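Written out below as structure tokens is the structure these notes cover.
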Amino acid sequence: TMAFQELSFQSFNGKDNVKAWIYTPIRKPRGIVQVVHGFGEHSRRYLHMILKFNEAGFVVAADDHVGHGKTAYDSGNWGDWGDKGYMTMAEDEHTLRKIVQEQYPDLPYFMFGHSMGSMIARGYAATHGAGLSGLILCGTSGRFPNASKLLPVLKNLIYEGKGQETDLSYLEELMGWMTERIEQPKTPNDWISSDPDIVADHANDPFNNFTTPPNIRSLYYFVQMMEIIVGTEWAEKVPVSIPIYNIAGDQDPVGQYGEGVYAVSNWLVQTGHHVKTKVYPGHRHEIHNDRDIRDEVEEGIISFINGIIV
Ligand SMILES: [Cl-]
Ligand SMILES: [Cl-]
Ligand SMILES: [Cl-]
Ligand SMILES: [Cl-]
Ligand SMILES: [Cl-]
Ligand SMILES: [Cl-]
Ligand SMILES: [Cl-]
Ligand SMILES: [Cl-]
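All the letters of the sequence shown, read from the start, carry residue numbers 0 to 309 under the entry's author numbering.
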């Protein structure tokens, strides 16, 4: 029975070695939470939350996805998620799940995802959702602006053989609008948080990446992940046995400023799911890092999980 673990497994893409960690509670384990990070960040930003989960009695598993964090640093690959399709990241989450459940086979299992991590987790719940006791979505998207238009454009560029080329202009089309509500934004990433210190730390963390853009096929995957989880057509694929906790800030462009977050909740409720939502007024994207609400955000996640375990 191992406690803290630092591990690696081969990616579904067949080339990257995914770096991952397992963090165990000192108390008798009561559950497992798998933490799925978002675009351009990495899993060790989540240490504060992970430790809180451990103190609640939860085992925590998290990896740095392909193209991200220590996985990207050790491989030198920041821009290419590979040639195996948009399911790659969900499949790598599945590999990590099987590792941690082999160690802890009888515990209730929960998946937490923030931003692209919530997109991965939503797709995961529709493809590998059996056995999930609960799903936590943070900073999630409704219909994400420009995603549906770029999807055929990028698909064509792949068919024309340009999938491994990099064109920053498509990423700017997809994400350049996100500071639209902010007066005099000091950086294009000010939508991350209204605390400039959080934005600056994100910029200065060498395991984050907003410097090397994804290549065309990886951007295609990203927009595929955005679009495959839209609507009741997606929500019906998620077993109603999985309760959902859906949280965001209402100044977050990723979730259309609260409206897209509640649209996701509605798609799920309309298809028979048990959903609990909390939108934090006046906060941008990273509600779980904003220091004035971080403890409340974490306690809410833990309360949701505890309500399911017993
Ligand atoms: Cl392996
Ligand atoms: Cl003690
Ligand atoms: Cl603290
Ligand atoms: Cl167990
Ligand atoms: Cl979308
Ligand atoms: Cl390609
Ligand atoms: Cl800032
Ligand atoms: Cl709709």
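Ideal placement from N, C-alpha and C gives every residue a C-beta, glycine not left out.
Residue i versus residue j: straight-line alpha-carbon distance, rounded
i, j, result
"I228", "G116", "12 angstroms"
"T186", "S192", "11 angstroms"
"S7", "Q183", "42 angstroms"
"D62", "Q100", "15 angstroms"
"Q163", "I25", "45 angstroms"
"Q223", "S140", "13 angstroms"
"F109", "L167", "35 angstroms"
"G138", "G257", "10 angstroms"
"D15", "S74", "7 angstroms"
"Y169", "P205", "24 angstroms"
"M225", "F143", "7 angstroms"
"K161", "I286", "37 angstroms"
"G81", "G66", "9 angstroms"
"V260", "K83", "30 angstroms"
"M1", "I31", "15 angstroms"
"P280", "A247", "9 angstroms"
Exposure label - residue i; buried when at least 16 CB within 10 Å
i, result
"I135", "buried"
"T70", "buried"
"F3", "exposed"
"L46", "exposed"
"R290", "exposed"
"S264", "buried"
"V309", "exposed"
N- and C-terminal bounds of the beta strand (DSSP E) containing residue i
i, result
"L106", "Neither: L106 is in no beta strand (DSSP E) and is coded neither H nor E."
"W233", "Segment 230–234 is the alpha helix (DSSP H) holding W233; no beta strand (DSSP E) there."
"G248", "243–248"
"residue 316", "Residue 316 is absent from the structure shown; the chain starts at 0 and stops at 309."
"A19", "16–22"
Residue i CB to nearest heavy atom of ligand 8 below 7 angstroms
i, result
"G259", "no"
"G230", "yes"
Residue i CB to nearest heavy atom of ligand 7 below 7 angstroms
i, result
"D200", "no"
"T186", "yes"
Cβ pair residue i, residue j closer than 8 angstroms
i, j, result
"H64", "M88", "yes"
"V35", "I119", "yes"
"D251", "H284", "yes"
"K275", "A125", "no"
"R29", "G56", "yes"
"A146", "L95", "no"
"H272", "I292", "no"
"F209", "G78", "no"
"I215", "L149", "no"
"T178", "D196", "no"
"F221", "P213", "yes"
"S10", "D91", "yes"
"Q269", "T231", "yes"
"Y103", "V58", "yes"
Residue i CB to nearest heavy atom of ligand 5 below 7 angstroms
i, result
"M225", "yes"
"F143", "yes"
"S140", "yes"
"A146", "yes"
Residue range of the unbroken alpha helix (DSSP H) whose run includes residue i
i, result
"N53", "46–54"
"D294", "293–308"
"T126", "115–126"
"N265", "258–269"
"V222", "215–226"
"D196", "195–203"
Residue i Cβ short of 7 angstroms to ligand 6 heavy atom set
i, result
"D82", "yes"
Check: residue i C-beta below 7 angstroms from any heavy atom of ligand 1
i, result
"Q102", "no"
"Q4", "no"
"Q9", "yes"
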